[PDB]
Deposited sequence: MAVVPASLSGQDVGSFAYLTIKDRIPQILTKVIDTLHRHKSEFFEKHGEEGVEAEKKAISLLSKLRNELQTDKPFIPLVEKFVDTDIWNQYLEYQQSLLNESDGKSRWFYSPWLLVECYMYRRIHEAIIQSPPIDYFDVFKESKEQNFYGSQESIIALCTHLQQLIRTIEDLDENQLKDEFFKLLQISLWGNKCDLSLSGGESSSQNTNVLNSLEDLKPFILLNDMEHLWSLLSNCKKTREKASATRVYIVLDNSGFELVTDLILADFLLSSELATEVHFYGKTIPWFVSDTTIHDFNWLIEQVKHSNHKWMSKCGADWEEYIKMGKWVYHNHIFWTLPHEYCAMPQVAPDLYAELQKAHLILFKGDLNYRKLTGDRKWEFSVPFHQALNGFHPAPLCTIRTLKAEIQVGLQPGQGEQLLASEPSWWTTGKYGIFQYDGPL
């Protein structure tokens, strides 16, 4: 397996992200805490203000460690994954030879660096009762929802129009509607040129055959490993409703993040809050969607799962050893959809793979069930391309894979 992406290459996007973007995220977190000082006093009294100041102090220390490339330190505050994290940090140090020194922001794998930063943010918060419940990214995730109301209404209206007629659609029209919603989940004719890899036909073949072959009382389970909250989450819920309504799935299982993560990533609180806001909307079609979605969850047609593994630094190839219960759960899927760039990085180890490497190889043994990554590119990693394809893009458009402009549907599994 190739070397990890990291800040060792000062010309790398990982370097640029660690040097400039991560400090910016921490500053904004600190700003968010500062702006909530009055709310914390109203709800918690003086102990809330002392806790806000403590959290800010800790986050300021964290930002200084990053800005000065200090070595990583063990996590201290008791938490469900503290010991697993410290074991992983010990393991990561063991990979370093004498010349490499100690794990640190601009030397260690970029995946570990970013995951460590968010876990240290969470440590600062859980060290600061009574504000230890606070989600420093909640305001931004709520803002994405409120800012997207027109597109959310339009998409909920589209889905409900679709569902009204869904039993009159032939197989090929149903397929076309499936492909449309998959592209909405990714991001339509104007955007098609920016789909670099399109395995959507293999998803249709897989689920269509499951539907045609399904025996009585048998299940077709589709798992969705989520990325961002807000409009992205809505596109995934809309897809999942279509999957049930079209009978391409009989159950949909969702996996989010146990803690606030990578700013926007959906936690159980974001998931429940968004569905509540859609359900209690006064718009006819948004409200009907939200009601239907809460009913799917009640019946077990939709299931939300929390698992700590997704907010660990480990590459997904480690899941069988580190989270065998989760791996066995994923093996019950008929299809797993992984959303977004971080999932892609974890699927491929965040390594400097050649463009030509097959996705199957880059997964490094992680083959729980048929799976597809639905991803816009925000990292210097992309495998499974045709010879010369990524090279031509680099030469024509040096930023191509880091701007979120290009997308993929990249599949591993049968057919």
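Q: Against the full deposited sequence, which stretches does the structure leave out?
A: According to the record, the gaps fall at 1 to 3, 191 to 213.
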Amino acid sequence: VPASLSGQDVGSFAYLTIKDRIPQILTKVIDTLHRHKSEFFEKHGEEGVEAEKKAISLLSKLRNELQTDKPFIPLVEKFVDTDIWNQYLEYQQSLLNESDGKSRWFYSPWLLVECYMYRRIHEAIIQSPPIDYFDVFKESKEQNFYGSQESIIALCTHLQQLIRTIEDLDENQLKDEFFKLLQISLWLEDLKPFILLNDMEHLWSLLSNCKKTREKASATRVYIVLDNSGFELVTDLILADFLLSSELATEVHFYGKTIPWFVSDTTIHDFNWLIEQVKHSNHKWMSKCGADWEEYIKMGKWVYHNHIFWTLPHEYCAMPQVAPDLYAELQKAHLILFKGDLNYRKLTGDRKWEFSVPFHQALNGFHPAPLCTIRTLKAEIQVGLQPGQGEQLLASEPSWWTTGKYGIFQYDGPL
From here on, numbers count along this sequence of modelled residues.
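Q: Higher average CA B factor in the deposited record is what I'm after, so tell me if that's 232 to 240 or 320 to 328.
A: Result: 320 to 328.
Q: Which is higher on average in the deposited entry, the C-alpha temperature factors of 75 to 83 or of 264 to 272?
A: Result of the comparison: 75 to 83.
Q: Comparing recorded Cα B-factors across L371, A379, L385, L26, which one is largest?
A: In the PDB entry, the greatest C-alpha B-factor among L371, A379, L385, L26 is found at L385.
Q: Based on the PDB record, which member of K339, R214, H253, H314 exhibits the highest Cα temperature factor?
A: Of the options given, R214 has the highest CA B-factor in the PDB entry.
Q: Just say lowest, middle or highest third for the CA B-factor of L33 relative to the other modelled residues in its chain.
A: As the PDB entry reports it, the C-alpha B-factor of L33 lands in the highest third of its chain.
Q: Determine, from the deposited record, the chain-internal third of the Cα B-factor for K257: lowest, middle or highest.
A: Tercile = lowest for this residue's CA B-factor.
Q: Which third of the chain holds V222 when residues are ordered by C-alpha B factor: lowest, middle or highest?
A: As the PDB entry reports it, the C-alpha B-factor of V222 lands in the lowest third of its chain.
Q: Relative to the other modelled residues of the same chain, rank the CA B-factor of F359 and answer lowest, middle or highest third.
A: Middle third of the chain for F359's C-alpha B-factor.
Q: Sort the modelled residues of this chain by their C-alpha B factor and say whether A154 lands in the lowest, middle or highest third.
A: Within its chain, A154 is a highest-third residue by C-alpha B-factor, going by the deposited values.
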